[PDB]
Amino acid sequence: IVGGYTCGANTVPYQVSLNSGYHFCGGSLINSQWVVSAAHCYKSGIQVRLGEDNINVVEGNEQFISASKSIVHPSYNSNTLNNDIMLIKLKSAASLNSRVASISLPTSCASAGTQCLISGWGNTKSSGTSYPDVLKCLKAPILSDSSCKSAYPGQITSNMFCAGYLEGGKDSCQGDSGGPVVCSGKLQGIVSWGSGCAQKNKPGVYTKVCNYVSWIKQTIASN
């Protein structure tokens, strides 16, 4: 997250870190045994780390649980990034508490201008790299479809939206992929892609979770 703030320990209790001997992507806990992340974050060897603040220190409140299922959307397109969503089933259920909590799925899509909370352990610099120990947060609005498409012509599918800013300085960045965009208490987005981070006229692009609620429910029910 570039241009954000330190969230504070466990203030985003649905935020998970996906770990393979290092943090590589975020995710969002949606029930005690399932996490939403991005399709492009799929790999072998995923350990889900719940309850984290400082990802480099065992502070208390962590739960480390292996993925037992990693389910990339069957129609994920790795060149266009359409359908950039993955479900992870945890090998055992997480112990839910005030520091480890699920986030609700949308009942409808969000409107432009709604303020959302974007969070993660990604790079905090728009030029160069700095990876934070503790979770970072950014308040950011949903952009209109027409402005999103103006910024990224021919690339924004019906399963994407833009959020953030156009003046530069505030965005998600590398290492934030897969993590949450939460707007009035609903998981509306998954950090996906952009042209750089925090660049003028190049807002972040996010998977539109409201299009996948039925797919998520059907997939969880069958697994």
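Numbers for residues come from their place in the sequence shown, where the first is 1.
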| task | Using only the Cα atoms and their B-factors as the entry lists them, report which of 100-108 and 82-90 averages higher. | result | 100-108
| Given the B-factors recorded for C-alpha atoms, which segment has the greater mean, 21-29 or 195-203? | 195-203
| message | Using only the C-alpha B-factors in the record, can you name which of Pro180, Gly51, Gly175, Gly169 has the highest? | response | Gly169
| message | Using only modelled residues of the chain, where does the Cα B factor of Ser119 rank: lowest third, middle third or highest third? | response | lowest
| query | Ranked by Cα temperature factor within the chain, is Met160 in the lowest third, the middle third or the highest third? | reply | middle
| said: Please place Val209 in the lowest, middle or highest third of its chain according to the CA B-factor in the PDB entry. | reply: lowest
| field | Third of chain Cα B-factors occupied by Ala221 | value | highest
| query | Is the Cα B-factor recorded for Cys148 in the lowest, middle or highest third of its chain? | reply | middle
